[PDB]
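Worksheet for the structure shown next.
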Amino acid sequence: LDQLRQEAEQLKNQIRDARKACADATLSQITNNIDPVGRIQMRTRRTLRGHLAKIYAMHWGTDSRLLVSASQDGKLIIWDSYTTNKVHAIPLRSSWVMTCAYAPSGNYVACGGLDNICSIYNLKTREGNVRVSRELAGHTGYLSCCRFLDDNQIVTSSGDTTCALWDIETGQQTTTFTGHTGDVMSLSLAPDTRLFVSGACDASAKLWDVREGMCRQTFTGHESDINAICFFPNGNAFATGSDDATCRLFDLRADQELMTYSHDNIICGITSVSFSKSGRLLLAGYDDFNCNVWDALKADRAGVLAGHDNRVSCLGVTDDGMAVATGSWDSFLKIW
Amino acid sequence: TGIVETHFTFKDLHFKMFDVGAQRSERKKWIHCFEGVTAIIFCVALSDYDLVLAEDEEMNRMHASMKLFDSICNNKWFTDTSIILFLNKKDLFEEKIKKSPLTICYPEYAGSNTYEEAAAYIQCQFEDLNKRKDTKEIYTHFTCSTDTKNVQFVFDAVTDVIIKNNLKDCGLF
Amino acid sequence: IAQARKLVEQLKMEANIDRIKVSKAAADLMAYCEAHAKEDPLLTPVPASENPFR
Amino acid sequence: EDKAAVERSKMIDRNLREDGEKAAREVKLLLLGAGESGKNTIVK
Amino acid sequence: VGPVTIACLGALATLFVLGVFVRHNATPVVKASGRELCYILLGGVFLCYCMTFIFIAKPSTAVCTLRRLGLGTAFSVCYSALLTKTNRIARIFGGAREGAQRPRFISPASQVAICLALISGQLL
């Protein structure tokens, strides 16, 4: 009722006031001192060729030494940095695919598109190629992202604002949650399968537990939609990928906002955010070909790099910081 | 369900018709994914102008259609792609024009009781902005739903847009 | 009514843990992020001698 | 074994090259309009 | 007197045409030529007009050498410029009906490459 909403929102104001009061000291401490950083932090690796399509997102979630990417012509890409070649080129049934994933064991590859179908491919097969991919459905909105930490449980999003947890063996809707106003854009795999994060308008960095299921972490203050989210290498931290070009670190335990590095040097938004190592180098794509890498610890830009002639869309960083993968619509894959 | 693709090789060219798929989600999320299309099809019913099912008491279907058309034309991703005007009113609109005075479309109506002037007014009022007209041609066809789905008009439009894009990027215009 | 109650209930229980979720958060802020902040930044600069690429 | 990898790298590029203009030659359209705006009225 | 005056008149006319096209590249009719093969053809015409000066000169090892390949090169440049434009126009207007995609090797620079290859064949 109206009274229930009113009392709930006074409670929310009291809670956020208490959080601000308790986190003011932490904000002052973090903003008081900064650490020195480098000047360029760059080392080129190679150039990738053999592509004629666009790319949206990738997933560097394996300890091996390969990279995976998806294209809208209907074929997946699994490339090696040194060889600059693909082990195999399997076709994709869906016309467009926006979800890319890989397994640490290099056996299962997850892809999906606008057809509301989440397809799991067999990276390792006796014949060397996958004959067909199993079909999964049960959503009324466009597929946005999908992740998995093993061959038993898989998390996926949809345009109908719901997060679905499925099992490979069961192959049915095992866990479903009620959604917020805005559509979920991306999900970040937890380091130890603790919780997964959904981001949208008025629901910036909303965390949902995988086991208990209830919501505990919810933040407000980013009106624009959040594009990409990733967990910190140290862990227990959030990322901000709002379309309003707002970049600010977040903490799971603090449950409060931090310093923001907004500036007038740019006028467009951002498409992805990624950590190098414990926030040493913030890598963020922009609506233009030119790109910049910032230093959260140094509160300054680490360097400037473009490597493209069109807006970049995908960005991934190795968990150990061995390599970074990025790409624009110009069919160019460059390791920075 | 998902989007439905209809692949038919009629008129000696492999036509592919892609539907909206009833996304019911954020518009831009599925708008920017469809980048790279040659031509788009814009369908508005004309005989069902009296229908007010778009909104309860705030607006009608004409306002929603006009707003969606303005959003499509003013969008920066499709500023160069040509657009096609289709309808599904062969004789029902003409029959309804006998009783309907055609005054709901425009409050300042200055036409007769027929529908030729109404069609002229709506077709000249669709292009609210002229900046995109020079960059991308707008094709308009009336009395649609022919025998072979108006194969001649769609073939002419697709070949015209194809040759236009071919001569645009070769420094010929 | 019922739908609004669930939203209120979710916000009511979330504030309960969040009230006691501080647990001296600043100690974690200045003690957690420096564990791996010194390995990768020094490891990345390689003078084309041990880098696996090129 | 490096020769086999190069040979395999050659055939994947040729396979992807064939699918390049084959899909590009196929023209793609876009149908968008109001709700139930004669989706089935047009012959498809 | 006749040949030198007619050569001067032709050179002035082609220079005027070059100045007109280089400064009035806004009307679509001049752009429809290609704006590269047109300059190639203008250069060929200028070479044809100015080659008569080499023709009427004191014989020498340098003069004889220049007038041997030029007699073919000057006409080959114009013929290649006329050939490439017609070929690209015909290919663009023919390949649109079947296989809707960008035709290969059509570009303001690629057509220049083909024209110079055709000229270099005669040169070789």
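A note on labels: chains of the structure tokens are A, B, ... as shown, every chain counts residues from 1, and ligands are counted from 1 in their shown order.
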Item to check | 6 Å contact set for range 25-41 of chain D, only C-alpha atoms, chain neighbours under 2 positions out, as number ranges by chain | outcome: B: 14-20, 37, 39-45; D: 21-23; E: 99-101
Go ahead and write the residues just picked, C-alpha atoms, as a CSV table (one decimal), in the first residue's frame.
chain,number,residue,atom,x,y,z
B,14,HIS,CA,17.3,-14.5,-52.1
B,15,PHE,CA,15.0,-12.3,-50.1
B,16,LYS,CA,15.1,-12.6,-46.3
B,17,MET,CA,12.3,-11.2,-44.2
B,18,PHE,CA,13.1,-10.7,-40.5
B,19,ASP,CA,10.4,-9.9,-38.0
B,20,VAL,CA,10.4,-8.0,-34.7
B,37,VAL,CA,20.6,-4.1,-42.9
B,39,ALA,CA,16.4,-1.8,-46.4
B,40,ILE,CA,13.7,-1.9,-43.7
B,41,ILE,CA,9.9,-2.3,-44.0
B,42,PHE,CA,7.6,0.0,-42.2
B,43,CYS,CA,3.9,-1.2,-42.0
B,44,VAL,CA,1.0,0.9,-40.8
B,45,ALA,CA,-2.6,0.0,-41.1
D,21,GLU,CA,30.5,-13.4,-49.9
D,22,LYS,CA,27.9,-16.3,-49.9
D,23,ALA,CA,26.1,-14.7,-46.9
E,99,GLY,CA,24.4,-11.5,-55.7
E,100,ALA,CA,23.7,-8.3,-53.8
E,101,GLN,CA,27.1,-7.4,-52.5
Next on the checklist: If you run DSSP on the backbone here, which positions in chain D get alpha helix (DSSP H)? Please write them as a ChimeraX atom specification.
Outcome noted: /D:2-25
Next on the checklist: Could you list, as an NGL selection string, every residue within 9 Å of range 81-96 of chain B, counting only C-alpha atoms and ignoring same-chain residues fewer than 3 positions away?
Outcome noted: (:B and (36-49 or 73 or 77-78 or 99-100 or 114-115 or 133 or 135-145 or 154 or 157 or 161)) or (:D and (37-38 or 41-42))
Next on the checklist: I want to know what sits within 12 Å of residue 5 in chain D, based on only C-alpha atoms, with residues of the same chain fewer than 2 positions away left out; could you give that as a PyMOL selection string?
Outcome noted: (chain A and resi 80+82-88) or (chain D and resi 1-3+7-12)
Hey, can you spit out that residue selection with C-alpha atoms as an mmCIF file, in the first residue's frame?
data_model
loop_
_atom_site.group_PDB
_atom_site.id
_atom_site.type_symbol
_atom_site.label_atom_id
_atom_site.label_comp_id
_atom_site.auth_asym_id
_atom_site.auth_seq_id
_atom_site.Cartn_x
_atom_site.Cartn_y
_atom_site.Cartn_z
ATOM 1 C CA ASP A 80 45.583 -18.615 -30.423
ATOM 2 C CA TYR A 82 51.038 -16.938 -31.280
ATOM 3 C CA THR A 83 49.562 -19.096 -34.049
ATOM 4 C CA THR A 84 47.006 -16.449 -35.126
ATOM 5 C CA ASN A 85 44.801 -19.323 -36.293
ATOM 6 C CA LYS A 86 41.728 -21.293 -35.240
ATOM 7 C CA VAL A 87 41.732 -24.919 -34.104
ATOM 8 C CA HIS A 88 38.196 -25.351 -35.453
ATOM 9 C CA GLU D 1 54.021 -30.707 -36.301
ATOM 10 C CA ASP D 2 54.129 -26.991 -37.086
ATOM 11 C CA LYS D 3 53.553 -27.704 -40.788
ATOM 12 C CA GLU D 7 48.113 -26.405 -43.300
ATOM 13 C CA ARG D 8 45.121 -26.480 -40.949
ATOM 14 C CA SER D 9 45.337 -22.684 -40.694
ATOM 15 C CA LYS D 10 45.083 -22.472 -44.490
ATOM 16 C CA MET D 11 41.895 -24.527 -44.851
ATOM 17 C CA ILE D 12 39.991 -22.724 -42.076
#
Next on the checklist: Could you tell me how far CA of residue 294 in chain A sits from CA of residue 22 in chain A, in Å to one decimal place?
Outcome noted: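 CA of residue 294 in chain A lies 27.9 Å from CA of residue 22 in chain A.
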Hey, which bits of chain E sit within 8 Å of chain B, and for each residue what's the closest pair of atoms and how far apart in Å (one decimal), counting only C-alpha atoms, rows by chain and increasing number, as a tab-separated table?
residue	atom	partner	partner_atom	distance
E:28	CA	B:173	CA	5.4
E:31	CA	B:172	CA	5.3
E:32	CA	B:172	CA	4.6
E:33	CA	B:172	CA	7.0
E:34	CA	B:172	CA	5.8
E:35	CA	B:171	CA	7.6
E:92	CA	B:166	CA	7.0
E:93	CA	B:163	CA	7.0
E:96	CA	B:163	CA	6.4
E:97	CA	B:159	CA	6.6
E:98	CA	B:13	CA	6.2
E:99	CA	B:13	CA	7.5
E:100	CA	B:162	CA	7.1
E:102	CA	B:166	CA	6.7
E:106	CA	B:170	CA	7.0
E:107	CA	B:170	CA	5.3
E:108	CA	B:170	CA	6.3
Next on the checklist: I'd like the contact shell of residue 6 in chain E - 12 Å cut-off, only C-alpha atoms, skipping same-chain residues fewer than 2 positions apart - returned as a ChimeraX atom specification.
Outcome noted: /E:1-4,8-13,48-50,52-53
Grab the residues selected above and save them as a PDB file, in the first residue's frame with C-alpha atoms.
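Now in selection-v8.pdb:
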ATOM      1  CA  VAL E   1      53.758  26.958 -87.334  1.00  0.00           C
ATOM      2  CA  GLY E   2      50.511  25.011 -87.710  1.00  0.00           C
ATOM      3  CA  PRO E   3      51.293  22.030 -85.468  1.00  0.00           C
ATOM      4  CA  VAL E   4      52.795  24.135 -82.668  1.00  0.00           C
ATOM      5  CA  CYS E   8      49.260  25.200 -77.767  1.00  0.00           C
ATOM      6  CA  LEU E   9      45.517  25.641 -78.311  1.00  0.00           C
ATOM      7  CA  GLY E  10      44.831  22.039 -77.307  1.00  0.00           C
ATOM      8  CA  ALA E  11      47.041  22.321 -74.227  1.00  0.00           C
ATOM      9  CA  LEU E  12      45.256  25.507 -73.158  1.00  0.00           C
ATOM     10  CA  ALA E  13      41.863  23.863 -73.711  1.00  0.00           C
ATOM     11  CA  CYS E  48      49.129  13.561 -76.689  1.00  0.00           C
ATOM     12  CA  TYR E  49      48.986  17.332 -77.204  1.00  0.00           C
ATOM     13  CA  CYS E  50      52.544  17.952 -75.973  1.00  0.00           C
ATOM     14  CA  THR E  52      54.329  16.897 -81.021  1.00  0.00           C
ATOM     15  CA  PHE E  53      57.088  19.016 -79.464  1.00  0.00           C
TER      16      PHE E  53
END
Item to check | 10 Å contact set for range 3-7 of chain C, only C-alpha atoms, chain neighbours under 6 positions out, as a list in words | outcome: residues 1, 2, 4, 5, 8 and 180 of chain A
Next on the checklist: Near chain B, meaning an atom within 10 Å, which residues of chain A appear when counting only C-alpha atoms? Write them as JSON, numbers by chain.
Outcome noted: {"A": [54, 56, 72, 94, 95, 96, 97, 98, 113, 114, 115, 116, 117, 137, 138, 139, 140, 141, 142, 143, 144, 158, 159, 160, 161, 182, 183, 185]}
Kindly export the residues of the current selection with C-alpha atoms, as a CSV table (one decimal), in the first residue's frame.
chain,number,residue,atom,x,y,z
A,54,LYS,CA,31.4,-7.8,-36.1
A,56,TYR,CA,30.0,-7.9,-29.3
A,72,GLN,CA,27.2,-12.5,-36.3
A,94,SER,CA,21.4,-18.4,-34.5
A,95,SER,CA,21.6,-15.4,-36.9
A,96,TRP,CA,23.0,-13.1,-34.2
A,97,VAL,CA,24.9,-14.1,-31.1
A,98,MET,CA,25.8,-11.7,-28.2
A,113,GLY,CA,21.4,-15.0,-29.4
A,114,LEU,CA,18.1,-13.2,-30.0
A,115,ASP,CA,16.3,-16.5,-30.6
A,116,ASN,CA,16.0,-17.0,-26.8
A,117,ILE,CA,18.1,-20.1,-27.1
A,137,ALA,CA,14.3,-22.1,-23.8
A,138,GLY,CA,11.9,-20.7,-21.2
A,139,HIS,CA,12.2,-16.9,-21.6
A,140,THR,CA,10.2,-14.1,-23.2
A,141,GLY,CA,13.0,-11.6,-23.5
A,142,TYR,CA,16.2,-11.5,-25.5
A,143,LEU,CA,19.2,-13.4,-24.2
A,144,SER,CA,21.9,-11.1,-22.9
A,158,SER,CA,17.1,-12.6,-20.5
A,159,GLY,CA,15.3,-9.5,-21.7
A,160,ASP,CA,12.3,-10.4,-19.6
A,161,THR,CA,14.3,-9.3,-16.5
A,182,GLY,CA,15.3,-2.7,-16.0
A,183,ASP,CA,16.6,-5.5,-18.1
A,185,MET,CA,22.7,-6.6,-19.3
Item to check | Which residue of B:64, B:105, B:51, B:59 approaches chain D most closely, using only C-alpha atoms | outcome: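 Checking each candidate against chain D, we get B:64 as the closest.
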Item to check | Shell around range 306-321 of chain A at 9 Å using only C-alpha atoms, local window under 2 positions removed, as a PyMOL selection string | outcome: (chain A and resi 55-63+69+233+271-277+283-292+304+323-330+332+334+336) or (chain C and resi 40-41+43-44)
Please report as a PDB file with C-alpha atoms, in the first residue's frame which residues of chain A come no farther than 8 Å from chain C, using only C-alpha atoms.
ATOM      1  CA  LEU A   1       0.000   0.000   0.000  1.00  0.00           C
ATOM      2  CA  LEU A   4       3.956   0.485   3.267  1.00  0.00           C
ATOM      3  CA  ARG A   5       5.916   2.099   0.427  1.00  0.00           C
ATOM      4  CA  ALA A   8       9.892   1.416   3.377  1.00  0.00           C
ATOM      5  CA  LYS A  12      15.795   3.221   2.853  1.00  0.00           C
ATOM      6  CA  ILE A  15      19.819   3.114   5.890  1.00  0.00           C
ATOM      7  CA  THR A  26      36.748   5.199   4.402  1.00  0.00           C
ATOM      8  CA  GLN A  41      51.967  -0.039 -19.195  1.00  0.00           C
ATOM      9  CA  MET A  42      51.968  -1.539 -22.681  1.00  0.00           C
ATOM     10  CA  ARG A  43      53.580  -4.447 -24.528  1.00  0.00           C
ATOM     11  CA  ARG A  45      51.795  -9.202 -28.716  1.00  0.00           C
ATOM     12  CA  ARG A  46      50.592  -9.817 -32.297  1.00  0.00           C
ATOM     13  CA  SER A  81      47.782 -15.573 -29.850  1.00  0.00           C
ATOM     14  CA  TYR A  82      51.038 -16.938 -31.280  1.00  0.00           C
ATOM     15  CA  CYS A 215      18.964 -10.493  -2.406  1.00  0.00           C
ATOM     16  CA  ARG A 216      21.271  -8.816   0.104  1.00  0.00           C
ATOM     17  CA  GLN A 217      23.256  -6.257  -1.915  1.00  0.00           C
ATOM     18  CA  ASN A 234      41.146  -9.854  -5.171  1.00  0.00           C
ATOM     19  CA  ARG A 253      31.062  -5.277   2.422  1.00  0.00           C
ATOM     20  CA  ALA A 254      30.968  -1.465   2.377  1.00  0.00           C
ATOM     21  CA  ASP A 255      27.626  -1.240   0.513  1.00  0.00           C
ATOM     22  CA  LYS A 277      45.075  -6.706 -11.286  1.00  0.00           C
ATOM     23  CA  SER A 278      43.381  -5.458  -8.096  1.00  0.00           C
ATOM     24  CA  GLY A 279      42.353  -2.314  -9.950  1.00  0.00           C
ATOM     25  CA  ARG A 280      45.891  -1.507 -11.098  1.00  0.00           C
ATOM     26  CA  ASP A 320      46.513 -13.451 -13.860  1.00  0.00           C
ATOM     27  CA  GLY A 321      46.963 -10.398 -16.095  1.00  0.00           C
ATOM     28  CA  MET A 322      48.850 -12.345 -18.758  1.00  0.00           C
TER      29      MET A 322
END
Next on the checklist: I need the residues in chain B that are strand (DSSP E) according to DSSP; give them as a VMD selection string.
Outcome noted: chain B and resid 5 to 8 15 to 18 39 to 43 82 to 86 138 to 140
